[PDB]
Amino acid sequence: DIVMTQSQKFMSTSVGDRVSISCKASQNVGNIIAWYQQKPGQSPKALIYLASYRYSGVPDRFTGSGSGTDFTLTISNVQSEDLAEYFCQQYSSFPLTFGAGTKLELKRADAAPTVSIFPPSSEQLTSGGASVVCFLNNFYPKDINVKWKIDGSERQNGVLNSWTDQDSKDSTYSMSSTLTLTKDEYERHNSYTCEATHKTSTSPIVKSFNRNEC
C-alpha cells in the first residue's frame, strides 16, 4: 500500500500568518492527491484536488503544490475559520490511503500549568473504590507529562488521562489524570503524589497529600 506521511500532527500559527503543511507519499503518484479540511464533529471537506486545484467555493488563500512524492498545502492570511485538521490523500491506486492529519492551533505565550490534586470521596470509598484525581489547568504548549507516585514509587496501572482541545478564549490546554484503585488498595498506602513536567519549568510541579492527614 502507498503510505501518506504527514510528519506534523500539530503546527502553531497566528491569524494573518501563512502556514505550509507537508505530506509525502511512499511512491510516485504524480499529481493525483487531494487535501481535505475537517472541524470537530463534522465530515471532511474537499479543498484541493490534482495536487494544486481548488474546489469551487474554496478561499483563494488555500493553495496546493508538489508533484511526485512531496506535497504541500499552504494557507495564506490564516483566518480563525481555518483552525482545523487537514488530511492529504492519494487517489492514484487502491487501496486509497490518507495521511494521519495535521492540526492547526493558535500560537500564544508559554504558560505553566496550575495543578490541583483530590482524594477519593467518602461516597466512592463506601462503594469500594478510590480514584485520586489531578487537574493540570491552563498551560501552553500542549505537550505535558504526568506521573503518579504512591509512597514514593511511581504507579502506572490504573491511570486514565483526558485532554481538552485548545481553549477558544485563552488558547491554553488543560488535562485531567485519574488513578483508580480498590478501596483496600488505597488504604494500604499513605502518600499520594501527582507530578507534572512541562516546558515552562526545569523541575516538576509536585502536588501531594497523606491519607487521613491535614
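A residue's number is simply how far along the shown sequence it sits, counting from 1.
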* Structure fact -> Higher avg CA temperature factor (33 to 41 vs 54 to 62, as deposited) belongs to 54 to 62
* Asked: Mean C-alpha B-factor higher for 20 to 28, or for 198 to 206?
  -> 198 to 206
* **Residue of maximum C-alpha B factor among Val132, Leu96, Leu73, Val78, per deposited coordinates** => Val78
* Structure fact -> Based on the PDB entry, the highest CA temperature factor among the options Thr69, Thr172, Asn157, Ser176 is that of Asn157
* Tell me, lowest, middle or highest third: where does the Cα B factor of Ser168 rank within its chain? => highest
* Structure fact -> Chain thirds by Cα B factor, record data; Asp143 belongs to the highest
* To do: Could you say whether, by C-alpha temperature factor, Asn161 belongs to the lowest, middle or highest third of its chain?
  => middle
* Structure fact -> Of the three thirds of the chain ranked by Cα temperature factor, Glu85 occupies the middle
* Asked: Can you tell me which third, lowest, middle or highest, the CA B-factor of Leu106 falls into for its chain?
  -> highest
